[PDB]
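Okay, so we've got a single protein chain in two different forms coming up as structure tokens, structure 1 first and structure 2 after it.
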Structure 1
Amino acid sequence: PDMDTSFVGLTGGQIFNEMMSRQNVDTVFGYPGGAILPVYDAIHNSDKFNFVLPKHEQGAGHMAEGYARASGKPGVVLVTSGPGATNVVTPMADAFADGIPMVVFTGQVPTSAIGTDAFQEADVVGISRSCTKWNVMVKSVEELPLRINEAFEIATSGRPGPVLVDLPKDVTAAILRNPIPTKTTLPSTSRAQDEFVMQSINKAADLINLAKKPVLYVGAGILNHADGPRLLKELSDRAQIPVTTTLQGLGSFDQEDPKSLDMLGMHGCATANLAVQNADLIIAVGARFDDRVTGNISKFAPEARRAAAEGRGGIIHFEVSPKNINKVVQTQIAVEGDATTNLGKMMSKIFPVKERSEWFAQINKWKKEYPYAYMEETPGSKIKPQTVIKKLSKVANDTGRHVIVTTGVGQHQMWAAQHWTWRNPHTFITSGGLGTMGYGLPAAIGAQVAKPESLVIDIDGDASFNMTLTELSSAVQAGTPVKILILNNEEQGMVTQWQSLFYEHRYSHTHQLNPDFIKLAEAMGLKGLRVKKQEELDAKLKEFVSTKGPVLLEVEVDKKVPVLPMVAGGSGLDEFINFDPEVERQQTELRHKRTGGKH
């Protein structure tokens, strides 16, 4: 084994510093602690990268995710042992669900104290086993470079995800006394395989060229390659195929394009859902058929399954991970690998399509029939959440700046998804798989660090905001001019919505006492704005976006407004609840009675 002596003499901590440089890391989010001190002393005043300090490790994790989402690079986290480590479990679980590249370094007690119920000791490798693509505890400093390189490679390959490297204090404080393999200190296809993939591509092209009512079901995977959107559009334009995206796919397709069906799924656009239930061929690109998208699985894509049975269609799946191939529904053709790459190889085999009048006409009728309708403002009423999104979307867009939107979890999140006009990739950063409330703020901060020149807006919910509102000061300390928008309905919207629907309006502990958000913002060091009256919304939104420096804008919005359309329970994607002003008014009455006038 060829040896390297360049790290000989350095401490684990110093080697760590050098590896961050070699891994092209320009930002690290962390919080110091005793066990990890050897590494902190090493990166003290280091100019190899910028360090962002949160008030809580969970903040660090979510900042790393936001950063990764906006930059495309893996988010690096550096925390101490014990509580410092357990505090980043949620962010890891979150990054694991949404496939976000993240390398988490957790300090650990000295190897000689491990297993002795030592001070601030935790079985981090054990705890994080199920919420990381891979993890490891570095046994010796000689092993450090290697592990760091494996971590970054695993985190950024296949389906991106989080990895954890446990760093024992004695290992990071130790000095390298031995030369180590040159390989282990440097970063980073079968002919029959590529032969097999080309075969898959040909079969997929054959099916596409045969389809009469095709639909592109696009997900996050298309955004893991710079040319993803470009090729997706080319395919769409070439074969005249309408496109629908998941929550994590928004931004990949231009919603201004006539062929846009918008988001599909539980709270998706009726047109998109209808298109999916009636299509003879579903081309899934970088999407995992999760349960918030498929509706009742036995009712999913009936027309596509029928087409399959008749051998004239079905489902094509461009998936990068074998774990998600044929996991939820049986597919006819599975094109393994990087979606974008395979779309590029397949293009030339796709026959150019002149038009699909029938199909598009049907889709257009649904578009006229099922828009994202809702109860708009009326004289004297409170501001409507949906209206805020629509307006902010325009104001933000009219600035001509690059816009990135992050959100919390709940109704506001769904309305942001539905009513915002998505056009640019890597501009919507939201927690979908795990759905972590409190993701909004810290994610926005990370995103702003990744894209300093972008207008980063966090469309949050009051309950979600409370979870991590302490990072508000971090935004100030980090110099991230994030714009925090709070759609305040003084309730846990998404939950109350379910309680309204399935629990006869019995709201069990789903209404919390909020602090004065404006005074809070002021106390934290930001500008604070509030809006109650419809008349002032436009002015405030403009001041909000225009303000230089971090700013928080609270918008008092109407309460108990349900998010629609809605497919839940055993309903098929085409069996959605539609908005009805008459029914809303009826439900309202029924609510006041059932809650004894409480809500």
Structure 2
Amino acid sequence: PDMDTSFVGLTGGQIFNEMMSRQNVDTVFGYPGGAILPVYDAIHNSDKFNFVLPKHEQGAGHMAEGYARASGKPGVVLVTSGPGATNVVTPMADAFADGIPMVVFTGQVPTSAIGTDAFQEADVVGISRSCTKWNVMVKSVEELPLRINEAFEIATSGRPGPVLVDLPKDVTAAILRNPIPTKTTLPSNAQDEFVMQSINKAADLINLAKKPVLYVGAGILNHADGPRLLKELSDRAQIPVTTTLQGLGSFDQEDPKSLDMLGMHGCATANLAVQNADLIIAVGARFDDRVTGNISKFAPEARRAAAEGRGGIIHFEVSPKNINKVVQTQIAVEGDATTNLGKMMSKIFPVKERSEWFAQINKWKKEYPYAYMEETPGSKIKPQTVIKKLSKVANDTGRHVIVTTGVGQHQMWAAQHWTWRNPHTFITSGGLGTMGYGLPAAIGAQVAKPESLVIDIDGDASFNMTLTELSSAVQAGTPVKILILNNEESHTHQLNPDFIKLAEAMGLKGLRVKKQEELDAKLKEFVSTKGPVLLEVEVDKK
């Protein structure tokens, strides 16, 4: 019943700006073209928004993902019709796989032209249907606030993900002539006591456990307070904490209770603790088979405790669909994990010590460290050594440090051998494995966190996918530190450019390490450099 006149007389472009403001957006990634011009002009022209221009729309999409991962905010993308929109399909699929909030706005031909094979009429809502949580084509300027608010709500709730909103040029150019319902303009906005019952039962089961383990994944990062309540629970009940690859950083790996990463490529200690726990407390993690291995062989002591009525598996999971999908759980706590951890906390018995359990874990840490063939006199440099050394150099700067990667062996070496300390600092394409992610993601993370040291630990073939964005980093004023672990040089051979001459052509400093004795000094020079810088290290082949 309640009508709002406050947008009447505005174009859809100005209405778009105001809705961005209401959604607390101040950063947009994208690339102009005719169909999106009414919105692009409004956003370009307003000093309230930092518009970040890549050389390719794929770059905008991965920048938006890096921005979202680093800030906790949705990444907003603005591109034109036709090839502007089809060029952001890979980053939508990437955000869809990794549960990253992203709102994609695509210019479209006028509503009258739809279904006429017009120039750059793509069926973008058809194309993106399977790689978005939801998408829509806006049909009138009256509907623009509604759809925008709908889009942000969906992108950032449940398991976060990408949404796409298709914007016909006649709709965004139009002037709003009619009042619209006030609700549509305002950012939106028995099951309960089943959830409270499950919180109570989870607390009971945790209070009972002698050898619990917290198994933590990306979902803990989807609330600002997740890492803090995770740490509070781990201290309160003296529970060791292992993370998935996408949970790295959610728990300080220097904490005595850290087990580090679980899984096929994880810490043996993390895996042994999980195999021996009487209780697994799974928080925002999906039981991927790279983490569990053969699921029938997974957590036998927890399964035995369940069979005996004294432990098992608790799962804090926001999507009903993901509950009891892979493993049968004794207790599922449905909903946002941070929220539910906070409701549970007062019911947890404070435990002074678990001396035997931590003595066993620490014995394991001694018996089974990560191992790899280290350098010898005259040998080529090992990428694992670069990463270990760089982790220390970076940490010693005293700065907040964010790490992105490409896709390949270096991605796993980064996960394993970096020392993770802070949340929202490991930004890697895990669910889709998109080569080329590392550089634009670092540029977006740097925009999100302009004071942070932002390092891309990249591989040569990955880096080649999207290296045109080097000039974008210079233009955006993002002094990203690009590390190329170059293990190249029948089989497949790719010709690399000269990366140092490339970086200089693009407007940034370029450095190279060829032998062991140069590495320490060059790594220090690399992180100390004021602007953007590319360091190539020639490493051994696997």
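Sequence positions of structure 1, starting at 1, serve as the residue numbers. Take the two forms, find the largest set of C-alpha atoms that superpose within 1.5 Å, and that set is the rigid core.
Superposing the two forms on their core leaves just one of 424, 116, 199, 378 with a Cα displacement of at least 2 Å between structure 1 and structure 2, namely 116. Residue 37 shows a C-alpha shift of 2 Å or greater between structure 1 and structure 2 [criterion: core-superposed Cα displacement of 2 Å].
A displacement of less than 2 angstroms separates the C-alpha positions of residue 333 between structure 1 and structure 2, with the rigid core held in common. When two forms of a protein are overlaid on their rigid core, residues whose CA moves 2 Å or more are considered shifted, and residue 173 is one of them between structure 1 and structure 2. Superposing the rigid core and comparing between structure 1 and structure 2 gives a CA shift of 0.2 Å at residue 485.
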